[PDB]
Amino acid sequence: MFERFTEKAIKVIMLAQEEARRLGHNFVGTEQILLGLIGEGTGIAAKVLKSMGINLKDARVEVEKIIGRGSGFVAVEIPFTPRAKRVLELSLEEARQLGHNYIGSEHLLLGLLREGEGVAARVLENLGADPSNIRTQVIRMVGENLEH
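The structure contained in this document is the topic of the report that follows. (Residues numbered from 1 in each chain as written, not as in the entry; some residues may be left out. Heavy atoms only, no water. Residues with missing side-chain atoms left out of burial classes, pairs and counts.)

This paragraph deals with the packing of helix α6 (residues 105-115) against helix α8 (residues 131-144). Relative placement of two packed helices is described by the angle separating their axes and the distance separating the axes. Viewed as axis vectors pointing N to C, α6 and α8 meet at an angle of 155°, and their least axial separation amounts to 10 Å. One way to sum up the angle between α6 and α8 is to call them roughly antiparallel. In the crossing of α6 with α8, the sense of the turn from one axis to the other is left-handed. Contact with α6, carried on its side by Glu106, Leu109, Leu110, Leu113 and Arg114, involves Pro131, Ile134, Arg135, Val138, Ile139 and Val142 of α8 and no other residues of that element. (Axes fitted to C-alpha atoms, helices over the stretch in contact; angles between N-to-C directions. Helix = DSSP H or I, 4+ residues; strand = E, 2+ residues; numbered from the N terminus. Parallel < 35°, antiparallel > 145°, perpendicular 65-115°, else oblique. Left-handed = near helix turned anticlockwise from the far one by under 90°. Contact = heavy atoms within 4.5 Å.)

This is the structure in structure tokens:
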């Protein structure tokens, strides 16, 4: 029930909502989570994605190519899609596998890559990215940061 996020994971989800609204959509799917991860800018996910050349403008262009622009209709409820909810479940699994009870930005990214199917996955493929390498680089960075 969404009680297991850190502040920075909530910040990524807020940015995913804003990315939905920017294109006139009123849902958060895997692809909006991807855009929020890239654009958040400060967390582990953002700093891995940037290192790997995954650029927000490029990702936005690919997202729009696949889903287009919506009605611009805004509703206060902005629910997650089923695949996004699956990503959130997988993100909690990844957090616990890494010794955390709460989901941070890296866990959202790891969960996104594990779901592996859906608009975000297609965007990453279209950008030339390799999800297995992204995973490896996330876990590398988490380990490097252990003394803090």
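On we go.
Where helix α2 (residues 30-40) contacts helix α7 (residues 119-126), the two axes come as close as 6 Å, and the packing angle between them is 55°. When the axes of α2 and α7 are compared, the pair comes out oblique. Listed contacts from α7 to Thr30, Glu31 and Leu34 of α2 are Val119, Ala120, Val123 and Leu124. Across the contact of α2 with α7, the residue classes break down as five nonpolar, one polar and one charged. (Nonpolar A, V, L, I, M, F, W, Y, C, P; charged D, E, K, R; others polar.)

A word on the pattern of salt bridges. Evaluated as defined, the whole model comprises eleven salt bridges. Notably, a salt bridge pairs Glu40 with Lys11, separated by 2.7 Å at the nearest N-O pair. Of the two residues, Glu40 is situated in helix α2 and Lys11 in helix α1 (residues 7-22); the sequence distance between them amounts to 29 residues. By relative accessible area, which is 5% here, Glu40 ends up buried. For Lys11, a relative accessible area of 36% gives the class partly exposed. With a shortest N-O distance of 3.1 Å, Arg114 and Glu94 are connected by a salt bridge. (Salt bridge = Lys/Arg side-chain N within 4 Å of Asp/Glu carboxyl O. Buried < 20%, exposed > 50% of the residue type's maximum accessible area, 1.4 Å probe, protein only.)

Generally speaking, a soluble globular protein has its nonpolar side chains buried in company with each other. Ranked by size, the top nonpolar core spans 41 residues in total, and within it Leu37, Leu108, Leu109, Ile134 and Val138 carry the most contacts. Of all elements in the fold, only α1, α2, α3 (44-51), α4 (56-67), α5 (82-97), α6, α7 and α8 reach the threshold of two or more residues within this core. Setting aside its immediate chain neighbours within four residues, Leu37 contacts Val12, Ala45, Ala46, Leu49, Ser105, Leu108, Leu109 and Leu112. (Core = buried A, V, L, I, M, F, W, Y, C linked by side-chain atoms within 4.5 Å.)

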